[PDB]
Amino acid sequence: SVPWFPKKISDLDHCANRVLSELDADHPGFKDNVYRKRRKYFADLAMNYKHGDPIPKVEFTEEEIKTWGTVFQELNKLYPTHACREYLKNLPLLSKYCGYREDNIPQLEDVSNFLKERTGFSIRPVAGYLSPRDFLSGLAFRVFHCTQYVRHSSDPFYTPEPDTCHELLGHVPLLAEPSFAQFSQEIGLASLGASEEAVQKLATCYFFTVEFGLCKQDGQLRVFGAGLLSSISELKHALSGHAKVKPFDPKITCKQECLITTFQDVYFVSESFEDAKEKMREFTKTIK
């Protein structure tokens, strides 16, 4: 039978809280009580959020802003030579309209309003990890489930999980691009009511495009994956020449394991967002 799926944007209220502040043993904040309480604060904001609410604005601490600034400064040195053209086109729009600065962490509500105007994408704060079914279902309504907390200050350059720096620097500039927004939405649409098997394959395709994708533009390899765009070391590695790269091909890509604690073993290159979108259309017919 077909599993429940959201039919309108407010139905995400019923799955966005089905979370699967619970830090892993190796988390840099695992023994930090103050950070643990800060994380509970953010998780509660997300749990209490309902569709239609303005996303609660947060007063970030000086420490949090310094962590953001450190990451922001170093990544921005690399984007011109590493990021895809769509990313580079939209980043300055975010400095102008959403307050992307070294000494200011943008508010999710402002970013959500910006995205709504540009592509109809919006943000929903999320407490933590959701099933791939629930997470991808948001994309069907152009909703990006977004973390609001900041990584621990002890290691600004590495995070064991998504944090708001990753969301804001990695994902948002491409969600502002219509071709990419359509590509993303169609992953979500394909997932709705799909088999467990199909959802898992869509999630892996999502991982190797939206999170760790490369693309070819004017003959050059460029980065569009958000996980790369917010990781200084892997961003450099991905275009270093020491990385294994393969063409994006959903039937093959979906067989690849998604690594968490290390660099990826392989990156997949899309010809364009339009082509990646076409390839997913062909693929989803075979699994759904």
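For every residue, the number given is its place in the sequence shown, counted from 1. We call the rigid core whatever largest set of C-alpha positions still superposes within 1.5 Å between the two forms.
Root-mean-square C-alpha deviation from the shown form, taken over all structures in 6 other deposited structures of this protein superposed by the rigid core, is larger for 235-243 than for the alternative among 52-60 and 235-243. For 155-163 versus 194-202, the mean Cα distance to the shown form in 6 other deposited structures of this protein after rigid core alignment is larger for 155-163. Coordinates for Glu271 are present in every one of the other compared entries of this protein that model residues on both sides of it, well short of the third needed to count it as often missing. Coverage remark for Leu12: present in the model in all other entries compared whose chains are built on both sides, leaving no third without it. Unmodelled residues of the deposited sequence between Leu20 and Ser21: 1 to 3. For the two regions 83-91 and 200-208, the entry's Cα B-factors average higher over 83-91.
The PDB entry records a higher mean C-alpha B factor for 71-79 than for its counterpart among 131-139 and 71-79. Comparing the listed residues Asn48, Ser230, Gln220, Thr253, the entry records the largest Cα B-factor for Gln220.
Ranking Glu59, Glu64, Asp32, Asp249 by the C-alpha B-factor listed in the PDB entry places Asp32 at the top. For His166, the recorded CA B-factor ranks within the lowest third of the chain. Only modelled residues enter the ranking. Sort the chain's modelled residues by C-alpha temperature factor and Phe157 lands in the highest third, per the entry. Ranked within its chain, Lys116 lands in the lowest third, by CA B factor from the PDB record. Per-chain ranking of the deposited C-alpha B factor places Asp265 in the highest third.
When the modelled residues of the chain are ordered by C-alpha B-factor, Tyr97 sits in the highest third.
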